[PDB]
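If you read the sequences in order, they're chains B and A. Quick note: the first sequence uses the authors' numbering, first residue 7, plus one each step. Quick note: the second sequence uses the authors' numbering, first residue 7, plus one each step. Ideal Cβ placement from N, Cα and C applies to all residues, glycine included.
2 protein chains.
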Amino acid sequence: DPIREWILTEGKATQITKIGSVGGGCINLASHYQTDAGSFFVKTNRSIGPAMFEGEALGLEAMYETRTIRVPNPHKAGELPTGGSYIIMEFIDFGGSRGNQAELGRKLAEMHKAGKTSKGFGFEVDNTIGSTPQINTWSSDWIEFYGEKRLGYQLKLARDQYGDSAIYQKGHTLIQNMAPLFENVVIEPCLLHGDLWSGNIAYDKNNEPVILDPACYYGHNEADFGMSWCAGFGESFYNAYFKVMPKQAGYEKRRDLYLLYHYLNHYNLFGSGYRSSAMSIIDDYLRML
Amino acid sequence: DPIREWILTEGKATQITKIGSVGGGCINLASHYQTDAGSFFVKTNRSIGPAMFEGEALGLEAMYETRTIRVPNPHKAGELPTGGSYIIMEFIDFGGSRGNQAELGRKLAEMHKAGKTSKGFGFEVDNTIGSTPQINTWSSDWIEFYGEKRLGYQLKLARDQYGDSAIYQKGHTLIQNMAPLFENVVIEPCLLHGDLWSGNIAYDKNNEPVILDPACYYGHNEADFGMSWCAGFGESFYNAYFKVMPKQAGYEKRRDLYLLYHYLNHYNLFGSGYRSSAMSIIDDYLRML
Ligand SMILES: Nc1ncnc2c1ncn2[C@@H]1O[C@H](COP(=O)(O)OP(=O)(O)O)[C@@H](O)[C@H]1O
Ligand SMILES: Nc1ncnc2c1ncn2[C@@H]1O[C@H](COP(=O)(O)OP(=O)(O)O)[C@@H](O)[C@H]1O
Ligand SMILES: [Cl-]
Ligand SMILES: [Cl-]
């Protein structure tokens, strides 16, 4: 044990009293299947059970049916007999050299607008945002849904993983004083991609946008910008977006509220380096409110 | 085997001629060791040989010795007898309450200014950017080093993995016509972090910045902004940076050229969804020139 060896000689220690470990998961295997009937795209993971790929399949299916922005047609998700899970979907040839930021904003807004539900805010099944569970139980009030099943779940999860009771308490003050940020606007459920950043966006041979790896649910359309800090969205993206889905009162005031969910998720997934970003946002809203 | 089964049940195929696979690795295990002599931070990976962690340790050490921006003090890297590799470094308690942008820009500019070398552009050893090798052979001309050992290496790799001879040819056209972007300015070698985005930045108990997981070398200071599209650099970041470091002519013109290296690396690591960002930048420069 060279780690133990170094720590007990050179590190000047005589006993190791605790070891806490995170990480270590295995990444998906991504495969191109070549057959006499064309290509298929397959992703396998021997360590993870089938729930994650099933939620992806149902997310791709719901966005595919709006018939707006191009997504891979999903074919099958399930369990590997050897252990693990898989998904099979349409193979798409990426790499459109021009790209089209305005086309992405237009097509995304068409998906928000066309994707409708009579059941309120939520989704048919729970799925995941990264590896974190995403709770999707149907609710009729957006402020109720987002405060409890989005911010509230992530805060409670950080209190349990890190004993971070400070962010848990300040966060729940925010959740309780949140309503003025919504300025009495009426909020219609929209089919959201749910995890929209650079790694999930591509362009096909006609230079049309394609989006991948969803964490779908029906929510406030503005929540789909909550990963924008890793997206490179320009003014041509937003102006093409707002042409189809016009900008609502309080849009600028709420941008941080929707980033906050993903900053909490990154904290809970990737460590306390992200805690300052989340805490900074919570402090400003408490001041502003 | 449901994948082969489905491809011949509902996929309507009769022979699978090839299966091309990427991904599938396992991520690092990250460990907090508590001892009677204080804490240590340890990363292990049972799959990988020690070259990546050894490059990380020497990068930390170089940044540590400038005595400017805070980085974990590295202790030891090496190979696990069971197979794989490890690194041991200083444990730091993350979780700054507000977080501090201007201080990040100040401290980073000070590191560029203090970190010097008599050997030219490059580094003591080759290391890696992500998992991709980063060639650090000492050179005395920056235009030459960046064109060959950064852009050119990435273009060759892209040609070999994807048969993308178009990006390779347009790429080498740009490299050969590159000099006007530099407007004859003299370029001093600066110690660069080399992979500076949100996941590699953190804040300690005094809300001072800490940077992690380097891909270091001595280069043009402006190349350290090549990951800014996933960094969330505020205006207070750049205002504090340019207080320490004088901005050189052509700075705005060259920003995409340094993003391009990372777009190519992301293309090579995570797939052709990133090819459009790289090609768009190469196309604009060929026009502009
Ligand atoms: N020097 C350090 N001290 C304490 N914690 C650290 C240190 N470096 C990283 N961490 C923590 O370890 C975890 C993963 O580390 P990271 O730098 O992402 O390694 P990798 O790039 O191999 O995943 C995160 O929770 C992060 O906050
Ligand atoms: N439907 C698809 N058709 C063709 N290639 C795809 C498709 N979806 C993803 N890819 C490619 O597969 C690789 C991994 O895909 P990604 O969506 O990142 O999966 P994951 O995030 O589960 O690893 C990338 O190279 C990407 O270009
Ligand atoms: Cl990310
Ligand atoms: Cl990234």
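One or two residues paired with residue i in a DSSP bridge
i, result
"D210/B", "BP columns for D210/B are empty, so no partner."
"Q107/A", "Bridge partners of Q107/A: none, in fact."
"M69/A", "Answer is none; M69/A lacks a bridge partner."
"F46/B", "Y39/B and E96/B"
"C32/B", "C32/A"
"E85/A", "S91/A"
Member of the options whose CA lies at the smallest distance from the CA of residue i
i, options, result
"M58/A", "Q140/A, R261/A, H199/A and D210/A", "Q140/A"
"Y224/A", "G121/A, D262/A and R293/A", "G121/A"
"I207/B", "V191/A, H199/A, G153/A and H272/A", "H272/A"
"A185/A", "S103/A, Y291/A, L270/A and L64/A", "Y291/A"
"residue 5/A", "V28/B, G89/B and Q40/B", "Within the shown structure, residues of chain A are numbered from 7 to 295, placing residue 5/A beyond reach of any answer."
"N212/A", "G158/A, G30/A and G101/A", "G101/A"
"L157/B", "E71/B, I33/B, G136/B and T179/B", "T179/B"
"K259/A", "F188/A, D99/A and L202/A", "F188/A"
"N183/B", "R293/B, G29/B, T15/B and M69/B", "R293/B"
"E241/A", "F127/A, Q175/A, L110/A and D132/A", "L110/A"
"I94/B", "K119/B, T134/B and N51/B", "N51/B"
"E228/A", "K125/A, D219/A, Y244/A and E214/A", "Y244/A"
"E130/A", "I149/A, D166/A and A221/A", "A221/A"
"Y267/B", "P252/B, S234/B and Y257/B", "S234/B"
"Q254/B", "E60/B, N190/B and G31/B", "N190/B"
"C32/A", "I54/B, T23/B and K113/B", "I54/B"
"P56/B", "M251/B, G277/B, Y92/B and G30/B", "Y92/B"
"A63/A", "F231/A, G136/A, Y257/A and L218/A", "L218/A"
"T23/B", "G277/B, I13/B and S278/B", "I13/B"
Any non-hydrogen atom of ligand 2 within 8 Å of residue i CB
i, result
"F97/A", "no"
"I141/B", "no"
"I9/A", "no"
"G29/A", "yes"
"residue 6/B", "In the structure displayed, chain B extends from 7 to 295; residue 6/B sits before or after that span and is not available."
"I33/B", "yes"
Any non-hydrogen atom of ligand 1 within 8 Å of residue i CB
i, result
"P78/A", "yes"
"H38/A", "yes"
"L202/A", "no"
"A208/A", "yes"
"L110/B", "no"
"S278/B", "yes"
"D166/B", "no"
"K24/B", "no"
Near ligand 3: residue i beta-carbon under 8 Å from a heavy atom
i, result
"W235/A", "no"
"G101/B", "no"
Alpha-carbon to alpha-carbon, residue j and residue i
i, j, result
"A246/A", "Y280/B", "22 Å"
"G17/B", "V216/A", "22 Å"
"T123/A", "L265/A", "24 Å"
"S45/B", "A237/B", "29 Å"
"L35/A", "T138/A", "20 Å"
"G89/B", "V48/A", "30 Å"
"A115/A", "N79/A", "20 Å"
"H118/A", "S204/A", "19 Å"
"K155/B", "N142/B", "7 Å"
"residue 6/B", "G153/B", "Nothing about residue 6/B can be reported from this structure: the residues present for chain B run from 7 to 295 only."
"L197/B", "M69/B", "7 Å"
"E11/B", "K82/A", "11 Å"
"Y174/B", "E67/A", "37 Å"
"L295/B", "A108/A", "26 Å"
"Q167/A", "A284/A", "16 Å"
"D289/A", "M251/A", "31 Å"
"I75/B", "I149/B", "28 Å"
"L86/A", "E214/B", "47 Å"
"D262/B", "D147/B", "20 Å"
"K113/B", "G232/B", "18 Å"
"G200/B", "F239/B", "16 Å"
"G256/A", "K176/A", "22 Å"
Distance between beta carbons of residue j and residue i, contact taken as under 8 Å
i, j, result
"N274/B", "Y209/B", "In fact, because the Cβ distance is near 32 Å, the residues do not count as touching under 8 Å."
"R104/A", "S171/B", "Their Cβ separation, rounded to whole angstroms, is 18 Å, which puts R104/A and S171/B out of contact at 8 Å."
"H226/B", "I193/B", "5 Å"
"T15/A", "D42/B", "That pair is no contact at about 15 Å."
"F151/B", "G128/B", "7 Å"
"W144/B", "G126/B", "5 Å"
"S37/A", "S27/B", "5 Å"
"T134/B", "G61/B", "6 Å"
Distance cut-off 8 Å: residue i Cβ against heavy atoms of ligand 4
i, result
"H272/A", "yes"
"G205/B", "yes"
Contact test: residue i Cβ vs ligand 6 heavy atom, cutoff 8 Å
i, result
"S286/B", "Although ligand 6 was asked about, the structure shown includes only ligand 1, ligand 2, ligand 3 and ligand 4 as ligands."
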